[PDB]
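Below is one structure, written out as structure tokens; the observations come after it.
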Ligand SMILES: CCN(Cc1ccc(CNC(=O)c2csc3nc[nH]c(=O)c23)cc1)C1CCCCC1
Ligand SMILES: CCN(Cc1ccc(CNC(=O)c2csc3nc[nH]c(=O)c23)cc1)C1CCCCC1
């Protein structure tokens, strides 16, 4: 897999060189290139943003700049990913489907986002996805791209979770549930399913 | 605000020194300390994990190690945050509520997670939250802690979003909607509300 991340904060993608994503890169399973968007600006101040049409707070990322960068990096085979709070929710099923892609391109936005026409134009020659990682506001798309890349890479390198325990058997007056010490696989699997189900009912009823 | 992050991958929290979170730290609004969990291990291999009780794939993070670190870092005023796929969903409302906290402690887990008793014990003297950032599997909690910290810090430093546009008026045969060039605030606000509503119905009907 080839991954290209376009941003004005290249340093923010450095966690990808570490741990599991770093091993996937080093071993040759993933080619990861991080690009500073300012390398496609032709002005003296290297401007990437400009004032919104119709007014409003904040700035908008210029389409010509984004368009130039995407022209050089993408192909018709590219899956262009635009992290945004306006997108569809990223899920494990999305991570799973993205492991079948040959070339992922993450267009990380800053300010109030990227000019909508960058996406309309890109969609003329490639598949484009506007994706959110969850119902919260981030200052930019880089940390969301780390999350999305890590989820994909962990699958490449290969109900709510119940409680887990390890040694000691007793710690600060807290005992590991006796069932885990029973030596009975079937009783353990049934107990793990029940506790996983109770946690799901309590914390995520939408998952049941 | 004081933020303490406990992890075996301290380098993975480096994006927090950059951009908006870095400015919140530098200006004195946030004290951020990142701690290597291995500094609380007393063995020759600096082990933090051990085999699960009742078997299963993967390893579990030792409670004594975690307990020692939390004993030194936390107080009764601490809000202890444990990032986990078994937790409640992190949302903007959660980010907003956390801006009222004096001391946040993020216990970042690796392997199959942290011994459940670390949380039961911590809850004897402090408020504890088990929090997930979304319905996907990450290799660890560090990238989720960056996401959660960035959301909180962006609020400290201070329906789905519709499309945004900037100069030029026409780009690659794509025109900025005429309404944005009308000079009529009320027509613009009504159009932005309608497009925001149509996007929400299409991409996130659960939000309506
Ligand atoms: C006026 C539109 N918004 C601007 C905005 C656009 C883009 C961002 C940057 N976010 C991401 O790039 C992002 C990328 S993926 C993602 N997932 C969840 N949440 C996210 O914010 C993101 C931040 C603020 C507002 C900012 C907060 C107040 C109301 C919404
Ligand atoms: C056997 C239990 N799971 C183990 C697991 C526990 C903890 C993690 C690490 N994740 C986080 O620390 C985490 C912290 S916050 C968060 N939010 C969304 N998703 C996340 O994974 C996380 C990864 C795998 C399985 C691993 C994938 C196959 C089924 C579930």
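Numbers in chain B come straight from Swiss-Prot, and the residues shown are 1-158, 178-227, in order.
Technique stated in the header: X-ray crystallography, 2.3 Å.
Every residue gets a Cβ built from N, Cα and C, even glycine.
The annotation S-adenosyl-L-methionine binding site is assigned in Swiss-Prot to B:109, B:133, B:134, B:135, B:136, B:137, B:138.
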Inset, instruction - Determine the minimum-neighbour residue: among B:133, B:138, listed as binding-site residues, which Cβ has the fewest other Cβ atoms within 10 angstroms? - result: B:138
Inset, instruction - Return the single residue from the binding-site residues list (B:109, B:134) that has the minimum number of other CB atoms within 10 Å. - result: B:134
Inset, instruction - Just name the winner among B:135, B:136, B:137 (the binding-site residues) by count of other CB atoms within 10 A of its CB. - result: B:136
Inset, instruction - Rounded to a whole angstrom, give the Cα distance between residue B:158 and residue B:178, which sit at either end of 19 unmodelled residues. - result: 22
